[PDB]
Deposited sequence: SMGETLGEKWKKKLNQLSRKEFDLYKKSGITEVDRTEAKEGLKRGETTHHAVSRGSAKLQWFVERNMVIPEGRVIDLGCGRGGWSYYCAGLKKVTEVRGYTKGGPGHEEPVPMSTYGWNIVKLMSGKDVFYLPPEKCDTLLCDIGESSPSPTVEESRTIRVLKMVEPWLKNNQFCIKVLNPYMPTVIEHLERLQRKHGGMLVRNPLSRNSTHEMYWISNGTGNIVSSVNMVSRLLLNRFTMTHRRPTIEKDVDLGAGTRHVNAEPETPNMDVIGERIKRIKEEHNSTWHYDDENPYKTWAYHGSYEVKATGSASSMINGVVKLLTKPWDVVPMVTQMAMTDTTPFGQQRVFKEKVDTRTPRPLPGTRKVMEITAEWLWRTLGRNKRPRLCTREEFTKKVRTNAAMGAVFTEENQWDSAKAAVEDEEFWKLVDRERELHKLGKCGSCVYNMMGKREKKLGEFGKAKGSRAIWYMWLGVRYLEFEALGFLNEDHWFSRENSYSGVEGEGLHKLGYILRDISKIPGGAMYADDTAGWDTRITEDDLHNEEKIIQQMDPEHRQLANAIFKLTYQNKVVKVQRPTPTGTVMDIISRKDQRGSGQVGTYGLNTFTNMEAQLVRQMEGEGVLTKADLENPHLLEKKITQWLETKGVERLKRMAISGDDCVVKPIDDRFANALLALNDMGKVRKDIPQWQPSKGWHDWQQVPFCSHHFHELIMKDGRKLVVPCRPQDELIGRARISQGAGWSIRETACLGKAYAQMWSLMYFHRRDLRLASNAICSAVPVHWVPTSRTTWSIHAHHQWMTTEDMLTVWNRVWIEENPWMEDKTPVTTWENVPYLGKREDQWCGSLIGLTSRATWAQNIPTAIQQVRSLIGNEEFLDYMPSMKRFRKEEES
């Protein structure tokens, strides 16, 4: 008789328009298309997925249900979501899209996303009038819905009969609009006997459609899976309404794809021993997956592993309810949906890490060489490089700036025996166990590899090589409270505007030549030190072996991959080396801006050195003082504004700017208070004394958003509060000028016990000196930071009350996201005594004293 899909249909068509509206998305997975749909309106052709379809297809490609390869044919491509996504897949060489177009139908949208040069979409091409072509991958998403099941039925069969002749021992993913009608089930079964595969439900599909997808890589009972969907959809009628799960939309990159230029060539004599050891520490589940996704990293093998990560983050209770208005604001409640699930990370690797930078021109390479040799010499004018020791490393661990096996390990004499063993390999130019991650005690191998880095390259951070005194451009050991002052001093330097261009994924943009230039520091080292440093550079920085997780349809596996260039982001002195190359890169760009370095010079194979040496030796230091370089973050105030147009060398060096077309001139500021740097801008405040403060500031919502997050007590109240009181005291020392934050700060500290220890990292930022931890009176701590220890505060007159500590002007406070003025803020302002009384009751009966 009647099928469960048909019962579902009849009941779907009986819902009210508002009962259907809720059912349509109850418990489904959706994609955030807001950013993409406004990029499309602004006519942007990069990064954006052209429709919801790219994310839909991704779900299948993720689980290898279909693995597009060779020539891909996309029947009914529409705007081209599936076609644009396939263009960036490893084994894909060509994509052809056929769609009907015309009135009432989707026309393909031209894009410049990565691999556009192998995509060919055509309108005026009805596939039901089209002779089948040879292809290695057949996609089809055609399915015109209907409130009549039997109408949907014949439409589905029409699609099926159309599409069958395209199938011939090739990959395929085909939408089956209505799969529960008996005759379709019948036809699918005959199809499954001939071409194999299986029907699968996509979680991104709305509950208002029964659509399933016939994919080639799978086997299973058709009737069973269809009826499972039927029950699920039928269940979601009566289940209490669930707000859909929201994913982050796909990033399809930009630029042409040269498939032959992607594959990595591994130095097996360098990385072989490391692989071998991984292989036999996990020999029981070790295998080689030919279906690995890596385009530009060299794959070596895999072993099985239990899954790690979450799609969302644990919210802090104490703050969440002391900040009731922000329960509703989107920007705050969104930084929880960061996803570190195997899927989430494999997505990140594809779009951000699995890329390859073209080798810079010979002229560009010479410039970087000359500049680096000079820069290194400048950085070592007073200091010598030095080795760091076990004693030094151990002390740094015990001052744990919970990684707690860290303090156990260094005390283990057995741990250091392994370290010694590995060091003797490095002296012979070999590496056995230096592998890092992206996320039986293999833990020792990893704390040991970090130490050896620290031993050889730790001096850069510990001896403050990139402090402002030593590097002019640098800002190491300064802190948020000092950064804004440095920007204000820079603005006093005559010239062009202040430019702050962010590189897109800096660490992935580090090149072979960058690595070879940072390496030059070893020339200043003692022999025994150079030996160890040369081992670090050559064997582990220029030959990286990485463990990375990957979800598969039969479990999670750990992939072992390798890469010669790029930067290992989890390495010692990543900050310093980033700062160095960025300093060099910005000097290079200043030369081009000043006309010293021309297009002819970058292309010219033998660039005469005399010109660049002269510029550096006469102007270099002055130009370094025009900059503030913190790792990959820079602020540059050149001698004029030609710099904004100086783009040849910067792009050729691989340091492509973020969120701007590759050849569009940079836009800078002349108001230094609007310059972004280290995730902040900096306001100048006038105390009613008359003296001036330069405070750090940022969008208030991302300050509040971070503080509604634990790290990570599940579920400990007498520890989740101590994280909140840490934020609350940071807000007091650093963001006192914000009205909501300072008020919220007084609402937290009065709600949390007086001498309860504040722990856990607030932010692990290099410029966060964390001097807000002591359970000391905040005004006295504030006074030491902003008055007596402040070099830019001449009059050391102390502050006796919190009303001599200024705010931002209401206008400027509001512009930075403050909710003052909104009456919900007012109701919140007079309800925080209760909210305070709430958590104090939620904690218990202990030492409170009021900051109300």
| property | result |
| --- | --- |
| Ranges of the deposited sequence (numbered from 1) for which no C-alpha atom is modelled | 1 to 2, 404 to 413, 452 to 467, 881 to 892 |
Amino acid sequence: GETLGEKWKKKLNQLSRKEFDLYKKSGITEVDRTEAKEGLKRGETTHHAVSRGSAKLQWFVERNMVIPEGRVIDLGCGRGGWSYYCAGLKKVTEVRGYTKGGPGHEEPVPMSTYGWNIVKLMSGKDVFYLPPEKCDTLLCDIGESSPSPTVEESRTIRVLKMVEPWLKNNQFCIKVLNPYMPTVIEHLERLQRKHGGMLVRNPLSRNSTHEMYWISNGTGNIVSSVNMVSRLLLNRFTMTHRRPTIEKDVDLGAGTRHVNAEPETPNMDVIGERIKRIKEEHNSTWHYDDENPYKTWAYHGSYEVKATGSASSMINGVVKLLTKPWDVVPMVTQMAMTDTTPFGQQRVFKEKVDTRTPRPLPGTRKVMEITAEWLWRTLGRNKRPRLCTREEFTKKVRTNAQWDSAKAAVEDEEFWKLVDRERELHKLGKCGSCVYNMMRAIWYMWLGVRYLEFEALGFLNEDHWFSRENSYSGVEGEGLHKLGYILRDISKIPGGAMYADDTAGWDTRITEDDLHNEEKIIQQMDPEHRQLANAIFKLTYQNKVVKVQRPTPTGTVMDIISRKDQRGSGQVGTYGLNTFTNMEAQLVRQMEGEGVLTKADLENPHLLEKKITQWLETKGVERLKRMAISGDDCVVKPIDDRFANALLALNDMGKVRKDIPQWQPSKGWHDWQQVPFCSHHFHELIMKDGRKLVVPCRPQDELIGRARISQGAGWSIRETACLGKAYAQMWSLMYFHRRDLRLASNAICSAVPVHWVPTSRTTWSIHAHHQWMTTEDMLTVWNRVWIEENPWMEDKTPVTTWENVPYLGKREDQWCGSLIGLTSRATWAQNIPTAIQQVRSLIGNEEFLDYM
From here on, numbers count along this sequence of modelled residues.
| property | result |
| --- | --- |
| Mean C-alpha temperature factor, higher of 411 to 419 and 258 to 266 | 411 to 419 |
| Given 155 to 163 and 279 to 287, the range whose Cα B-factors average higher in the PDB entry | 279 to 287 |
| Candidate residues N382, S405, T209, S123, the one whose C-alpha B factor the record puts highest | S405 |
| Options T762, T93, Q524, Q662 - largest CA temperature factor per the record | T762 |
| B-factor third for the C-alpha atom of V61 within its chain | middle |
| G821 CA temperature factor, ranked by third within the chain | highest |
| Chain-relative CA temperature factor third for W731 | highest |
| Third of chain Cα B-factors occupied by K544 | middle |
| B-factor third for the C-alpha atom of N235 within its chain | highest |
